[PDB]
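This text opens with one protein chain seen in two forms, each one given by itself as structure tokens under the names structure 1 and structure 2.
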Structure 1
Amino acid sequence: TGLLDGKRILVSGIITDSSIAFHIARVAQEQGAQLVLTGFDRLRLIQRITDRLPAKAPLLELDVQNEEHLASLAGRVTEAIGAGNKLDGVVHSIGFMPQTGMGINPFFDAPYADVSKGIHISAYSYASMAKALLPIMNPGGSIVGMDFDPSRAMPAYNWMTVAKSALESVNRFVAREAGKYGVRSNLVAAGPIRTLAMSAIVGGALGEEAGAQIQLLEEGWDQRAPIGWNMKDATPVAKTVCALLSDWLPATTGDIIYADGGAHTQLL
């Protein structure tokens, strides 16, 4: 009955109930998966959100910049799921860029220390999570991360575009390592979804040229998309992630699936 019946999947990146990861985790549990959740920094907060999913799931702390957390992680998950059981799926739904790197702030004024921090959390950590978790994954497993098509430059996204270009390259190497375990690694490139991280791109703060540019970009999606795009509904994205976590894309790895209404296939 359930697409992910009987699979065990770690989902990272839940912060609010608008989190792409929250909707992935929801759809996963509806399709019969058993989850382990990771949260960063505001754990009691995340737990209250995570209490609203259709089923219970252990929650564990994971700051991908923290080397001890990364080192304990597989042993912690193993404790959460039972000795002798492994993970079938891993979702990386995580990103960060300091405010200098994005929004109004000129591109050339972002210090390297801030860019470097963004690339660590947004790109490198895809490899670091795979490293920590591949040893406790089953053949036929699936690792999925979240992308925003960075093939072309665009206003405001600035250094996060750079970090996504890195992530895509990183995903291609993760696939070479994951292959040795019989495990696939892919990214889902989503269209714009109203989340907390999307509210932080300007720094919210108001009436600046970059805010207008951002509204114009985001409206372009629904226009260009042959099937339309609803920024208010993360479900089509969540479903696509679940497609990859299942056994129905068994020959796809090192790759990017576009859950964007087909917008990236159309110029106008």
Structure 2
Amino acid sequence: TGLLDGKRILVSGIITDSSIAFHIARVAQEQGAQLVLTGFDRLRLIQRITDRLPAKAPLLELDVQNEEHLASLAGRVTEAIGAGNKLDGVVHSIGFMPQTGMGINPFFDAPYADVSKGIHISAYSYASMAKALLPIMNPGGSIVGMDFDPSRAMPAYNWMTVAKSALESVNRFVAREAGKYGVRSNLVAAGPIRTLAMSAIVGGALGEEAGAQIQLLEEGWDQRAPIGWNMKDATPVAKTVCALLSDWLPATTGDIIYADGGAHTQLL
């Protein structure tokens, strides 16, 4: 009945009620999934946010740069879902690039310390979470991560786009490892979504030039998309993630599903 009835799914990446992962979690619960949530740093805030989900879910702390958090993660999940139970799904919805790499300054001005932190959080951590959680995943399981199509350079978000190029490559290798467990690994490449951070950047948080370029980027998306694109509505993206978590794409792995209104298939 529900698309994800009886499935146990870990969802990372909630920080506000406009996080893509908040809508992934809401839709997954609507479809019968039992969730375990992970959050970074502001756990009191995240608990208050996730109190608004349709069902209660245990919240675990996870800083993906903390090797001790990752080393203990599987045992804390098993404690939360009960011994003898394993996960059927894992959602990676985690990304960050320090400001020096996202247009507040020229691409050339980002120090490598900043780029390497962003690639750690946004790309390497996808392999990190798979390594931690595959030992407690059931055959037929599914790992899904969030992507923004990096196949062409864009005016702003420069180093973040490089990090997404690395993530797409990491995903293909995670699929190799996950296949030994009977588990699939895929990314959902979403169009632009007006999260709190996104709206701040359009408002000029990283400079007027970066704001104007991203606003024009957003506008062309809805113009290109044959079915349109609503940057204020994350539900179509959440449904696509749930599709990959379900049993209905069983021969897809190492791959990228585009939830972008079809915009990437059109020129003008």
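Only the largest set of C-alpha atoms that superpose within 1.5 Å between the two forms is called the rigid core. Here, residue number means position along structure 1's sequence, counting from 1.
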> After superposing on the rigid core, which residue among 65, 199, 235, 230 shows a C-alpha displacement of 2 Å or more between structures 1 and 2?
Replying inline: 199
> Rigid core superposed, residue 17 Cα shift between structures 1 and 2 in Å?
Replying inline: 0.5
> If the rigid core is lined up, how many Å does the C-alpha atom of residue 157 shift between structures 1 and 2?
Replying inline: 1.2
>> Can you give me the Cα shift for residue 104 between structures 1 and 2? Core-superposed, in angstrom, one decimal please.
In response: 3.0
